[PDB]
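Structure first, then comments.
Here the Cβ positions follow ideal geometry from the backbone for every residue, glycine too, while neighbour counts run over all protein chains shown. Rule-based calculations on the coordinates, nothing more; no lab input.
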Amino acid sequence: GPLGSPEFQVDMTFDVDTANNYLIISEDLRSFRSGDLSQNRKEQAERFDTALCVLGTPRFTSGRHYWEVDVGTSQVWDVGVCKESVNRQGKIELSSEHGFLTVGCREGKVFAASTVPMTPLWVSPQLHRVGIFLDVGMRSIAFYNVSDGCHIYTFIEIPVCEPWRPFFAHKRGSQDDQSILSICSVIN
């Protein structure tokens with residue numbers, strides 16, 4: 001991607017204790033998608049019971065951290081970070097005032113960031129890979145289009161009193177829809 005300083009690439013995976021019942025994760029724990037059946041999993045506070053969401057395993061409390069998410073052909077998604085202390089049961093309101101700093105896409109390729117009110121975004125029609133840079137020191141989190149390094153939105157003056165957990169969400173477009181969200185990779 002456009003990340004010039006590789007040292008900040010945070011190779012991660014998803015945290016299964018957080019995934020919602022209707023979310024199927026891959027074996028390498030770096031891809032997922034909502035679905036038909038209900039994966040009856042160990043019900044717990046760390047797991048969303050209603051919304052189709054998962055959390056990256058990391059827990060950032062300081063430093064600069066970068067990771068990429070491929071949203072492929074998905075039509076409905078949300079990416080970013082949420083506070084470790086956010087409520088995971090019931091209605092999840094994507095609001096920076098509820099602890100959610102995300103960028104999302106809805107039906108019709110409409111883009112929006114979770115500010116208060118929501119900030120509309122005009123991103124490339126061919127977008128499919130989002131670059132995220134969490135900078136706790138600068139109290140900001142930025143989003144980028146990985147295909148050309150174009151800046152999408154940046155949140156500033158974000159609170160840094162508790163760990164920030166990578167956030168993810170996805171809902172199929174149709175029964176046949178094969179779209180998936182996958183975290184991206186590695187290095188040398």
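Quick one: residue 51 ticks every box in (1) assigned to a strand (DSSP E or B); (2) in contact (Cβ under 8 Å) with a residue 60 or more places away in the chain bar one, so which box is it?
(1)
Restricting attention to region 71-94, which residues are in a loop (DSSP other than H, G, I, E, B), closer than 28 Å to residue 178 by Cβ and of a type in the set (A, V, I, L, M)?
71, 92, 94 - these are the residues of region 71-94 that are in a loop (DSSP other than H, G, I, E, B), closer than 28 Å to residue 178 by Cβ and of a type in the set (A, V, I, L, M).
Here's the yes/no breakdown for (1) at positive phi; (2) not acidic (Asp, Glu):
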| residue | (1), (2) |
| --- | --- |
| 36 | no, no |
| 41 | no, yes |
| 48 | no, yes |
| 54 | no, yes |
| 63 | yes, yes |
| 79 | no, yes |
| 85 | no, yes |
| 89 | no, yes |
| 93 | no, no |
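Those residues that are touching a strand residue (DSSP E or B) at 6+ places or on another chain (Cβ under 7 Å) and either within 18 Å of residue 32 (Cα to Cα) or surrounded by fewer than 15 Cβ atoms within 10 Å (Cβ to Cβ) (or both), I need them from region 104-121; list them, please.
Matches in region 104-121: 104, 105, 106, 107, 118, 119, 120.
For region 116-154, which residues satisfy the criterion of being more than 13 Å from residue 103 (Cα to Cα) and of a type in the set (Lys, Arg)?
The answer is 139, and nothing else.
Is there any pair linking a residue in region 145-172 that is at positive phi and touching a residue at least 60 places away in the same chain (Cβ under 8 Å) to one that is surrounded by fewer than 19 Cβ atoms within 10 Å (Cβ to Cβ) and hydrophobic (A, V, I, L, M, F, W, C), with Cβ under 9 Å and at least six apart or on different chains, and which?
149/3
How many of the residues making up region 95-128 are within 14 Å of residue 152 (Cα to Cα), in a strand (DSSP E or B) and not polar (S, T, N, Q)?
Matching residues across region 95-128 total 10.
Please work out which residue is surrounded by the most Cβ atoms within 10 Å (Cβ to Cβ), limiting yourself to region 44-87 and to residues that are touching a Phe, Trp or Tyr at 6+ places or on another chain (Cβ under 7 Å) and of a type in the set (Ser, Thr, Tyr).
Per the stated criteria, the residue is 66.
Can you name the residue in region 1-26 that is part of a loop (DSSP other than H, G, I, E, B), free of Cβ contacts under 8 Å to residues at least 40 places away in the same chain and within 19 Å of the chain's Cα centre (by Cα) and is also farthest from residue 74 (Cα to Cα) among such residues?
Within region 1-26, the match that is farthest from residue 74 (Cα to Cα) is 17.
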